[PDB]
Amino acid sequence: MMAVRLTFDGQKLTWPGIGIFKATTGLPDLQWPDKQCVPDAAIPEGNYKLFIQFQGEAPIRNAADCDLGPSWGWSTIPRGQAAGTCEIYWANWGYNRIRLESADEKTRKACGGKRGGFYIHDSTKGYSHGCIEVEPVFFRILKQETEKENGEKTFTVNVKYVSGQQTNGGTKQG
């Protein structure tokens, strides 16, 4: 039941006491800590809450434009029904996503507060539209560790870049 504080340094997402997962943030030319105030770039540094409650399929906002609605939980991407352009766009989501929310004022006020809509997701592209792309095995570890626990399940992540290295953890499919 103990709280879990994940850490993310731009290349590695750590679950303390369990393991290290490859992870990536930002579009290809924006995977840098000095770009974190540019839309779709590396996520701003700070503290975020994860919504890990499993809520099934994500809502579809506009099917013609391939638009998914926001949801505060762990949801799935409807890849099986994708057609045409949505086969392209929803491959950038992957199969699973977990909503993030800024968890203090300093994080929320970052970048004039102009950025938002953050998630952890399991596409295998080697980039992310302003979110955190993680190795897919993370979601299977998450399931195994949480489904046997009865009590409270509290997950956060701290984002902190400690060098100028590219915020790319090698998540592109091998």
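Residue numbers run from 1 along the displayed sequence.
In this entry, 152-160 has the higher mean Cα B-factor, the comparison being between 20-28 and 152-160. Mean CA temperature factor is higher for 59-67 when stretches 136-144 and 59-67 are set side by side in the entry.
Across the residues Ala91, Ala83, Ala103, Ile98, the deposited record lists the maximum Cα B factor for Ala83.
Per the deposited record, the Cα B-factor of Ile52 falls in the middle third when ranked against the other modelled residues of its chain. In the PDB entry, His129 places in the middle third of its chain by CA B-factor. For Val4, the recorded CA B-factor ranks within the middle third of the chain. Only modelled residues enter the ranking.
Annotation for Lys114: C-alpha temperature factor in the highest third relative to the rest of the modelled chain, per the entry.
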